[PDB]
Amino acid sequence: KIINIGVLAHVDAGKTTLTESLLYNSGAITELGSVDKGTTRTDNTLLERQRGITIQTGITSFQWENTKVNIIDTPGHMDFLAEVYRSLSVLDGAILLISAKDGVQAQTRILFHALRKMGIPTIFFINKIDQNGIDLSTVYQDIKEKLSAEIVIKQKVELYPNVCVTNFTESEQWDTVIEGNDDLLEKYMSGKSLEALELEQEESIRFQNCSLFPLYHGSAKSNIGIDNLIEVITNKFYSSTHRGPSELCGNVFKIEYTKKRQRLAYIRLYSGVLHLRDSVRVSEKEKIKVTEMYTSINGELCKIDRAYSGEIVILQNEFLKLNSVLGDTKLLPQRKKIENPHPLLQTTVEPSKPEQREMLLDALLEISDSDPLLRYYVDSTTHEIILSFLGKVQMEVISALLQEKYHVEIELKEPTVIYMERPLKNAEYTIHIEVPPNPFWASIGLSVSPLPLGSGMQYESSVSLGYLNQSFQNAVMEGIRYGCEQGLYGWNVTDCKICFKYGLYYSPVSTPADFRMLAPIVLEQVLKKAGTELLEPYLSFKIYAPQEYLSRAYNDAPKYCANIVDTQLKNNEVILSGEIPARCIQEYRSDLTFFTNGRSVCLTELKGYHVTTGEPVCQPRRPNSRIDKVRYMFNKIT
Ligand SMILES: Nc1nc2c(ncn2[C@@H]2O[C@H](COP(=O)(O)OP(=O)(O)CP(=O)(O)O)[C@@H](O)[C@H]2O)c(=O)[nH]1
């Protein structure tokens with residue numbers, strides 16, 4: 001046989017997981033008919049279990065006295081989207097979900113979209129919760145607009161309430177639809193109709209191509225029609241290669257470890273095996289057996305075979321996620337398409353109490369590994385490395401898991417704006433003469449000149465030209481950037497310059513490293529006149545939102561510390577691409593989605609300091625060291 005890589009998406013609470021566990025029982029019965037739960041083996045991760053929902057993409061694989069296959073169970077809601085995308089970035093076809101009230105959810109839309117551009121050969125809906133107020137007319141109306149998929153055929157309905165019965169039919173309509181696809185069919189349709197078998201092939205070819213697609217309906221709760229559905233889903237949906245017998249080609253699948261008893265690993269074969277050594281980036285694989293996934297639980301395997309498909313319950317270190325198993329066939333599988341899951345919003349993560357720091361450091365490593373997008377990045381202002389999560393939703397769960405394994409507890413907000421304090425206005429002071437230091441005359445002088453916006457100016461020479469004060473202007477740049485940021489208000493040198501000369505030496509006095517100390521001192525005095533330029537935070541924060549919400553979106557933007565620029569309506573939607581200060585990203589992002597329900601989207605940086613418009617109430621954070629320079633400064637102030 002073969003199988004077929006299929007995932008399961010859709011909004012929250014719409015049966016995604018249960019429907020999954022279902023396909024397991026339906027296509028099996030090797031000792032189970034429904035298996036209690038409530039909770040089971042599919043979602044074995046604590047919390048995921050004790051919690052209720054699956055915050056991590058599952059990974060199932062059922063089979064029958066005919067064939068088998070795997071699966072990937074994504075999580076609903078947001079925040080976790082970044083772990084849902086990773087699953088989708090493998091899987092060819094997506095079993096879209098849709099519960100009763102789930103009348104065209106927010107994710108029911110998107111899943112289907114990605115797949116349409118990726119190549120997903122077929123995407124399949126499954127209305128769940130046909131309990132009450134479960135029309136049939138409503139399902140199709142929603143479908144046709146959203147999924148915008150090609151007008152398929154029917155049917156799948158009959159009876160009402162307790163009298164509800166499974167049905168479908170609609171041959172003529174199907175013929176008509178298929179007609180669009182083939183000229184030959186139309187002619188026959190106009191005069192004849194042909195057969196069904198061949199028409200079934202036309203549809204099946206179109207589904208693997210990423211064009212045609214059919215949807216089956218069959219309730220869910222009472223899980224009746226469940227068992228036919230499972231048969232029918234597996235039917236048209238497998239692979240190729242296999243047939244022959246040779247070469248193993250695969251794509252190391254994710255599946256990170258845990259705390260309790262280390263972890264495992266899984267890869268998919270599409271015409272390969274499992275054993276021997278290995279290859280790829282000079283490195284030995286090391287194996288002690290082949291692989292062979294299994295329904296219930298997954299255990300080692302003696303042997304497998306070519307064109308074999310399953311999961312390997314192993315793999316650990318000396319490797320990593322997304323790993324290409326060299327080779328021959330893996331490079332081609334990389335011609336499907338990506339989705340730069342773009343993680344937009346983010347927050348500040350801070351270690352915590354001393355006791356909590358030991359665990360923190362280890363935590364930050366483990367949370368990063370169990371994530372393919374856990375960009376662990378460290379800031380300069382603090383020795384703490386902020387977390388990179390498409391949202392806190394991930395970060396809640398991330399402190400919950402940790403609270404067990406390693407054990408820790410930190411905070412989750414965003415951070416600081418460096419301050420910059422690169423105002424404009426203008427000022428100039430200098431140059432010393434000698435004192436608590438020891439002239440050491442070195443006159444000095446800095447002609448501060450605000451400027452316009454977007455030039456980072458800087459400078460400058462001065463001078464005399466004779467090595468001296470050369471590397472000295474070096475010391476310059478130094479102390480420069482130095483307070484440039486760290487300082488009174490802790491800014492980041494940006495928009496200013498300087499220049500001077502002198503003087504005295506050829507014996508002693510100490511006119512070397514001392515200059516570096518002096519430089520800062522001079523800048524400080526100019527502070528009183530500086531002000532403490534916030535800077536200018538905005539970018540363009542540019543909001544992509546629907547034509548209907550954008551008016552009210554624009555009234556809310558001025559209240560929300562944002563500016564607006566015009567917004568042209570592009571089709572059914574709009575873009576309302578504007579500027580503003582900088583964030584709060586969170587503030588910016590919340591409101592948009594809020595009065596939009598769930599049908600917002602946005603991103604974009606921009607850069608630029610020109611701003612400062614933020615008053616004060618703060619402006620601080622440093623500083624530095626270096627006896628000399630430091631001793632000198634303190635005296636100077638006196
Ligand atoms: N009435 C009804 N309720 C159902 C049906 N299927 C599932 N549910 C309800 O939903 C609960 C859990 O749903 P689940 O499958 O985990 O939802 P989900 O799609 O995984 C949502 P997420 O993955 O985002 O956590 C069940 O315990 C049950 O009460 C159904 O067909 N009809």
# chains A, B, ... in the order shown; residues from 1 in each chain; ligands from 1
>>> residues_near_ligand(ligand="ligand 1", cutoff="9 Å", atoms="only C-alpha atoms and all ligand atoms", output="VMD selection string")
chain A and resid 8 to 21 37 to 39 48 52 to 57 73 to 78 97 to 100 127 to 132 219 to 223
>>> write_last_selection(atoms="C-alpha atoms", output="PDB file, in the first residue's frame")
ATOM      1  CA  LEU A   8      -6.305  17.993  10.639  1.00  0.00           C
ATOM      2  CA  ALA A   9      -6.986  21.700  11.074  1.00  0.00           C
ATOM      3  CA  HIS A  10      -9.864  24.041  11.885  1.00  0.00           C
ATOM      4  CA  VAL A  11     -10.984  26.368  14.719  1.00  0.00           C
ATOM      5  CA  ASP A  12     -11.144  25.435  18.418  1.00  0.00           C
ATOM      6  CA  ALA A  13     -13.524  22.974  20.124  1.00  0.00           C
ATOM      7  CA  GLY A  14     -14.695  21.747  16.711  1.00  0.00           C
ATOM      8  CA  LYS A  15     -13.741  18.077  17.130  1.00  0.00           C
ATOM      9  CA  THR A  16     -10.306  18.167  15.466  1.00  0.00           C
ATOM     10  CA  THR A  17      -8.770  15.747  17.999  1.00  0.00           C
ATOM     11  CA  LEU A  18     -11.754  13.435  18.659  1.00  0.00           C
ATOM     12  CA  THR A  19     -12.356  13.134  14.928  1.00  0.00           C
ATOM     13  CA  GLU A  20      -8.710  12.135  14.878  1.00  0.00           C
ATOM     14  CA  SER A  21      -8.993   9.527  17.641  1.00  0.00           C
ATOM     15  CA  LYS A  37     -11.687   8.892  26.768  1.00  0.00           C
ATOM     16  CA  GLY A  38     -12.140  11.540  27.578  1.00  0.00           C
ATOM     17  CA  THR A  39      -8.431  11.231  26.870  1.00  0.00           C
ATOM     18  CA  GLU A  48      -2.275  18.215  26.769  1.00  0.00           C
ATOM     19  CA  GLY A  52      -7.887  18.878  27.650  1.00  0.00           C
ATOM     20  CA  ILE A  53      -6.777  20.180  24.252  1.00  0.00           C
ATOM     21  CA  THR A  54      -3.605  19.297  22.345  1.00  0.00           C
ATOM     22  CA  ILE A  55      -1.150  22.201  22.443  1.00  0.00           C
ATOM     23  CA  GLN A  56       1.184  20.073  20.308  1.00  0.00           C
ATOM     24  CA  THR A  57       0.600  18.581  16.866  1.00  0.00           C
ATOM     25  CA  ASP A  73      -3.142  16.655  14.387  1.00  0.00           C
ATOM     26  CA  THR A  74      -2.733  20.437  14.617  1.00  0.00           C
ATOM     27  CA  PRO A  75      -3.964  22.649  17.445  1.00  0.00           C
ATOM     28  CA  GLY A  76      -6.769  25.207  17.202  1.00  0.00           C
ATOM     29  CA  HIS A  77      -6.824  28.746  18.598  1.00  0.00           C
ATOM     30  CA  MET A  78      -3.920  31.118  17.960  1.00  0.00           C
ATOM     31  CA  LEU A  97     -12.823  20.827  10.353  1.00  0.00           C
ATOM     32  CA  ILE A  98     -16.064  22.658  11.135  1.00  0.00           C
ATOM     33  CA  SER A  99     -18.299  22.245  14.186  1.00  0.00           C
ATOM     34  CA  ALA A 100     -21.962  23.225  14.483  1.00  0.00           C
ATOM     35  CA  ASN A 127     -18.884  19.311   9.401  1.00  0.00           C
ATOM     36  CA  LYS A 128     -18.972  18.156  13.020  1.00  0.00           C
ATOM     37  CA  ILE A 129     -21.556  18.575  15.780  1.00  0.00           C
ATOM     38  CA  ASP A 130     -24.542  17.944  13.509  1.00  0.00           C
ATOM     39  CA  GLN A 131     -26.471  17.834  16.786  1.00  0.00           C
ATOM     40  CA  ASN A 132     -28.959  20.705  16.601  1.00  0.00           C
ATOM     41  CA  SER A 219     -22.351  13.484  11.207  1.00  0.00           C
ATOM     42  CA  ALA A 220     -19.760  12.911  13.933  1.00  0.00           C
ATOM     43  CA  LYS A 221     -20.972  12.720  17.534  1.00  0.00           C
ATOM     44  CA  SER A 222     -22.986   9.515  17.163  1.00  0.00           C
ATOM     45  CA  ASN A 223     -19.989   8.509  15.047  1.00  0.00           C
TER      46      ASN A 223
END
>>> residues_around(residues="stretch 367-374 of chain A", least_positions_apart="6", cutoff="12 Å", atoms="only C-alpha atoms", output="number ranges by chain")
A: 56-57, 80-87, 89, 253-259, 262-265, 316-317, 319-323, 340-344, 346, 359-361, 385-391, 394-403, 405-406
>>> select_by_dssp(residues="stretch 361-503 of chain A", states="strand (DSSP E or B)", output="PyMOL selection string")
chain A and resi 411-413+421+428-429+446-447
>>> write_last_selection(atoms="N, CA and C atoms", output="PDB file, in the first residue's frame")
ATOM      1  N   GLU A 411       8.699  36.093  34.283  1.00  0.00           N
ATOM      2  CA  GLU A 411       7.663  37.020  33.844  1.00  0.00           C
ATOM      3  C   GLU A 411       7.605  37.102  32.322  1.00  0.00           C
ATOM      4  N   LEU A 412       6.481  37.587  31.804  1.00  0.00           N
ATOM      5  CA  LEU A 412       6.295  37.717  30.363  1.00  0.00           C
ATOM      6  C   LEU A 412       5.515  38.982  30.021  1.00  0.00           C
ATOM      7  N   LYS A 413       6.299  40.049  29.842  1.00  0.00           N
ATOM      8  CA  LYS A 413       5.920  41.275  29.157  1.00  0.00           C
ATOM      9  C   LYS A 413       6.829  41.446  27.931  1.00  0.00           C
ATOM     10  N   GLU A 421      17.404  58.626  23.241  1.00  0.00           N
ATOM     11  CA  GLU A 421      17.594  59.982  23.739  1.00  0.00           C
ATOM     12  C   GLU A 421      18.392  60.826  22.751  1.00  0.00           C
ATOM     13  N   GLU A 428      26.536  72.657  22.841  1.00  0.00           N
ATOM     14  CA  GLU A 428      27.982  72.516  22.713  1.00  0.00           C
ATOM     15  C   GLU A 428      28.696  72.981  23.977  1.00  0.00           C
ATOM     16  N   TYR A 429      29.613  72.155  24.471  1.00  0.00           N
ATOM     17  CA  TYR A 429      30.367  72.480  25.675  1.00  0.00           C
ATOM     18  C   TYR A 429      31.822  72.040  25.550  1.00  0.00           C
ATOM     19  N   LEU A 446      33.025  70.138  21.255  1.00  0.00           N
ATOM     20  CA  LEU A 446      32.024  69.410  20.484  1.00  0.00           C
ATOM     21  C   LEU A 446      30.867  70.319  20.086  1.00  0.00           C
ATOM     22  N   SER A 447      30.819  70.681  18.807  1.00  0.00           N
ATOM     23  CA  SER A 447      29.763  71.547  18.296  1.00  0.00           C
ATOM     24  C   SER A 447      28.511  70.746  17.951  1.00  0.00           C
TER      25      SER A 447
END
>>> residues_around(residues="residue A:30", least_positions_apart="6", cutoff="10 Å", atoms="only C-alpha atoms", output="list in words")
residues 64, 295 and 296 of chain A
>>> residues_around(residues="stretch 544-550 of chain A", least_positions_apart="4", cutoff="10 Å", atoms="only C-alpha atoms", output="list in words")
residues 554, 555, 556, 567, 568, 569, 570, 571, 572, 573, 574, 575, 576, 577, 592, 593, 595, 596, 597, 598, 599, 600, 601, 602 and 603 of chain A
>>> atom_distance(atom1="atom CA of residue A:289", atom2="atom CA of residue A:276")
8.1 Å
>>> atom_distance(atom1="atom CA of residue A:409", atom2="atom CA of residue A:352")
6.8 Å
